[PDB]
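Novice: Chains as they are written, first to last, in the UniProt record's numbering: chain A, 2 to 286; chain B, 2 to 286. For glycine and all other residues, C-beta sits at the position ideal for the given N, C-alpha and C.
Protein chains: 2
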Amino acid sequence: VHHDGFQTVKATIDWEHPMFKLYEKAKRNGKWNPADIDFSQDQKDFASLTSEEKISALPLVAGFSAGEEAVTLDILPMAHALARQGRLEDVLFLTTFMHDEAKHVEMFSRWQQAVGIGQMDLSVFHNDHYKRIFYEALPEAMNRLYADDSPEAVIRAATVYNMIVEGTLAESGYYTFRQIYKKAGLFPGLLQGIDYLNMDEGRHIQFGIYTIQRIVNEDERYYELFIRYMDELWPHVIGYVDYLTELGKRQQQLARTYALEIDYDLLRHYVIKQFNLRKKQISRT
Amino acid sequence: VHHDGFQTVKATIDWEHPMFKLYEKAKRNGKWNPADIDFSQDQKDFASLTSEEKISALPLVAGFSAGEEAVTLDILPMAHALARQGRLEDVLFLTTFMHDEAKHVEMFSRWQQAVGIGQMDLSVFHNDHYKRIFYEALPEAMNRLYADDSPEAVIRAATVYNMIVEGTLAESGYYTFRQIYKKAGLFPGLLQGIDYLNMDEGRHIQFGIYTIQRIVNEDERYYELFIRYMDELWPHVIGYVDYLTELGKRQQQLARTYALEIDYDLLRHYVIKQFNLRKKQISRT
Ligand SMILES: CCCCCCCCCCCCCCCC(=O)O
Ligand SMILES: CCCCCCCCCCCCCCCC(=O)O
Ligand SMILES: [Fe+3]
Ligand SMILES: [Fe+3]
Ligand SMILES: [Fe+3]
Ligand SMILES: [Fe+3]
């Protein structure tokens, strides 16, 4: 429906708003372009590998590529809901959030193209637990906001997207990439991309913390809802992590070749740490 | 609802898609930051003016500030509709479109703040015709896409937003700013912003041409709909232009002071030219 008026005609941007400040930082720190990354060495690395070694890296890339695409599509309802609420500074920031995720989709798709696996269907490495999070729960929670923008709905959406998908899974994925391939000296272009992604992710997670905390600040009983929604998704998080771990343990040729002692118990504890850490960044009071 | 799968897992980005190419150009040409513009001379210019001269520049700024804010909010339904249709490259491009409009909102709001009119309510310079376009028709046409993404609905939305608001009014506004203030040597910061806006606008209009043409290409009877929707809005376009012209003719102190022979008949013909020119960029066949 209609606009009743416009904030930048009646007044100005709220220059001191936390999300205006986050928007300003995003513009300053968000200049990187996936089209500038040199993937030539990645191509050679991947070709050098045996078929067994080649397969090793793909489950993780499969999880990220679909994840970036899901979040690019599924952030749009949040931008709409906050826009309808007149939260202009949040919307300005969210334009940087969405543009970041677009570059993340682009970065992984360029890597796949470059190393010669674009024609390969990597959906085979999404198990039921992954599908429950990314094919179902994420888009359910975000799309709800089109018809229900209650504090309850907004907390559930920020929890699944910013605190679980980004703050638990994506963060653990970046850590895993560096623990495995940065050590091996493999895929320098991909690891350059991962570093830029991990920098962007910082702002995405901070938006989710801001959003969940400002709702909790109104009524501390929303804190219990946050914790509950975090716990509801945990079985699928660890169920996916456990599935990737088993794939990893079954095809170890890459680790042998490159002298990597991949401690899967250390990666598993990192996921658990991330999850608990995100819980602690929200204050009940 | 759920994702059935993901294009960048099954395959890759369509690298040859026109909107992927437009997205790539947006990243290359879209680096400018309103926070870097030096408005110090603008502040001094505005303070130097008499109250009568001060008032001269504000109707145009009022029209732009509200316009940028409306389009920042009202592009979100188009991104959603194309996302739901699986048009991934269009969505990637649209993240740059939305982020551009956010910077446009920011740029005018920084100028208002800097010259000392942020506290002034400029809604007084929106007449009924302006309100019909920006407070009503624009958001009606875009929001429709949430429940009706038929070719008819998508053509009406691209027509009002890209071909009328951007391709006719915004373009004519940029031309007007340069005809008046660039001549006077006034407001260098604002005119630097206008140049960056006008560069961005090129891509926005090209998205609308692409969108309307790909629908017309399917069925040439959609051409008649395009023309009809262009004509429906014309009375409000010229009605706003005529209102600004009369304000201009009533307070001429700025033009006298700075030796500007502001040909309002030339600006009016420029609007008419723009409108007819946009019609001609769509081919029936
Ligand atoms: C065995 C170690 C487990 C590591 C967990 C790997 C997680 C891979 C899936 C990542 C999903 C990516 C979500 C992207 C979110 C975003 O782009 O903001
Ligand atoms: C007297 C000369 C008439 C000139 C017409 C001035 C138009 C001013 C209003 C501009 C609306 C701005 C719309 C912004 C669109 C966008 O930012 O993409
Ligand atoms: Fe991402
Ligand atoms: Fe993210
Ligand atoms: Fe604009
Ligand atoms: Fe525009």
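Taking 7 Å as the cut-off, is the beta-carbon of A:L255 closer than that to any non-hydrogen atom of ligand 1?
Specialist: Result no, Cβ not under 7 Å from ligand 1.
Novice: Our contact map puts A:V106 next to A:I134 with C-beta atoms below 8 Å; I'd like the distance itself, whole angstroms only.
Specialist: No, A:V106 and A:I134 are not in contact; Cβ-Cβ is about 17 Å, not under 8 Å.
Novice: Curious, which full-length alpha helix (DSSP H) runs of at least 4 residues does the stretch 91-149 of chain A contain?
Specialist: Those alpha helix (DSSP H) runs which fall completely within the stretch 91-149 of chain A and span 4+ residues are 129-132 and 139-144.
Novice: Using a threshold of 8 Å, state whether the C-beta atoms of B:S57 and B:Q275 are closer than that.
Specialist: Result no, Cβ atoms of B:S57 and B:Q275 do not sit closer than 8 Å.
Novice: Heavy atom of ligand 7 less than 7 Å from the Cβ of B:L59, yes or no?
Specialist: Because ligand 7 does not appear in the structure shown, any question about it cannot be addressed here, the ligands present being ligand 1, ligand 2, ligand 3, ligand 4, ligand 5 and ligand 6.
Novice: Specify the secondary structure class of B:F40 as computed by DSSP and reduced to three states.
Specialist: If DSSP states are grouped into helix, strand and coil, B:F40 belongs with coil.
Novice: Between which two residues does the alpha helix (DSSP H) containing B:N30 stretch?
Specialist: From DSSP, the alpha helix (DSSP H) with B:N30 extends over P19 to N30.
Novice: Tell me, to the nearest whole angstrom, how far the beta carbon of B:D43 is from that of B:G174; I am working on the premise that it is less than 8 Å.
Specialist: Not confirmed; about 18 Å, so no contact.
Novice: Taking 7 Å as the cut-off, is the C-beta of A:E233 nearer than that to any heavy atom in ligand 4?
Specialist: No, Cβ of A:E233 sits at least 7 Å from all heavy atoms of ligand 4.
Novice: Would you call the CB atoms of B:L61 and B:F178 closer than 8 Å?
Specialist: In this structure, B:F178 lies closer than 8 Å to B:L61 by Cβ.
Novice: Which of the three DSSP states, helix, strand or coil, is assigned to B:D196?
Specialist: It is helical.
Novice: Counting only beta-carbon atoms, is A:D122 nearer than 8 Å to chain B?
Specialist: A:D122 counts as touching chain B.
Novice: Mind listing the chain A neighbours of B:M20? Cutoff is C-beta to C-beta under 8 Å, in chain order.
Specialist: Chain A residues near B:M20: none, gap ~12 Å exceeds 8 Å.
Novice: Under a CB-based cut-off of 8 Å, is B:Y131 close to chain A?
Specialist: No, B:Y131 lies away from the interface with chain A (no Cβ there is under 8 Å from its Cβ).
Novice: Output, in chain order, the set of chain A residues within a Cβ distance shorter than 7 Å of B:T73.
Specialist: The contacting residues are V92.
Novice: Got a sec: is the Cβ-Cβ distance from A:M79 to anything in chain B below 8 Å?
Specialist: Chain B, which has no Cβ nearer than 8 Å to the Cβ of A:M79, makes this no.
Novice: Could you check if B:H205 belongs to the surroundings of ligand 6, using beta carbon to heavy atom distance under 7 Å?
Specialist: Under cutoff, so the answer is yes.
Novice: Return the chain-ordered list of same chain residues with a C-beta closer than 7 Å to the C-beta of residue 289 of chain B, the five sequence neighbours on each side being excluded.
Specialist: Limits of chain B in this structure are 2 at one end and 286 at the other, which puts residue 289 of chain B out of reach.
Novice: Could you have a look at B:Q275 and say whether DSSP puts it in helix, strand or coil?
Specialist: Looking at B:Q275 - three-state DSSP - the assignment turns out to be helix.
Novice: Here's the rule I'm using: 16 or more other beta-carbon atoms within 10 Å means buried, otherwise exposed. How should A:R111 be labelled?
Specialist: So A:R111 ends up on the buried side.
Novice: Give the C-beta separation of B:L261 and B:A159 to the nearest angstrom, bearing in mind that I take them to be a contact with Cβ-Cβ under 8 Å.
Specialist: With a Cβ gap of about 36 Å, B:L261 and B:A159 do not count as contacting.
Novice: Within 8 Å of any Cβ in chain A, is that where the Cβ of B:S110 sits?
Specialist: Yes, its Cβ sits closer than 8 Å to a Cβ of chain A.
Novice: Roughly how many angstroms lie between the CA atoms of A:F109 and A:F65, to the nearest whole one?
Specialist: Distance between the alpha carbons of A:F109 and A:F65: 8 Å.
Novice: Could you tell me whether any non-hydrogen atom of ligand 2 is closer than 7 Å to the CB of B:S173?
Specialist: B:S173 Cβ: within cutoff of ligand 2.
Novice: Pairs of beta-carbons, one from the stretch 200-207 of chain A and one from the stretch 17-33 of chain A, closer than 8 Å: are there three or more?
Specialist: The answer is yes - the stretch 17-33 of chain A touches the stretch 200-207 of chain A, with three or more Cβ pairs under 8 Å.
Novice: Out of curiosity, what's the CA-to-CA distance linking A:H127 and B:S41?
Specialist: Approximately 55 Å, taken between the alpha carbons.
Novice: Near A:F94, what residues of its chain come up, given a Cβ to Cβ distance below 6 Å and the 5 sequence neighbours on each side ignored?
Specialist: So the list reads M20, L23 and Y24, once near-sequence residues are dropped.
Novice: Verify the contact flag: A:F276, CB atom, against every heavy atom of ligand 1, threshold strictly below 7 Å.
Specialist: False, no ligand heavy atom lies under 7 Å from that Cβ.
Novice: Any beta carbon of chain B sitting closer than 8 Å to that of A:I14?
Specialist: Chain B contact via Cβ: present.
Novice: Using only alpha-carbon positions, find the residue among A:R88, A:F7, A:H237 and A:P35 that is nearest to A:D150.
Specialist: Among A:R88, A:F7, A:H237 and A:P35, the Cα nearest to that of A:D150 belongs to A:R88.
Novice: Could you tell me whether any non-hydrogen atom of ligand 4 is closer than 7 Å to the CB of A:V106?
Specialist: No, the Cβ of A:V106 stays beyond 7 Å of every heavy atom of ligand 4.
Novice: Using the C-alpha atoms, what's the distance from B:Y223 back to B:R215?
Specialist: Going from the Cα of B:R215 to the Cα of B:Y223 covers about 10 Å.
Novice: Where does A:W16 sit, in a helix, a strand or coil, going by DSSP?
Specialist: Three-state result, A:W16: coil.
Novice: What first and last residue would you give for the alpha helix (DSSP H) that runs through B:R157?
Specialist: Segment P152 to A159, the alpha helix (DSSP H) holding B:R157.
Novice: Using a Cβ cut-off of 9 Å, which residues of the stretch 43-59 of chain A contact any Cβ in chain B, in chain order?
Specialist: Here the close residues number zero.
Novice: Nearest to B:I156 by alpha carbon, out of B:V72, B:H4, B:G209 and B:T13?
Specialist: Out of B:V72, B:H4, B:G209 and B:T13, B:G209 has the C-alpha closest to the C-alpha of B:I156.
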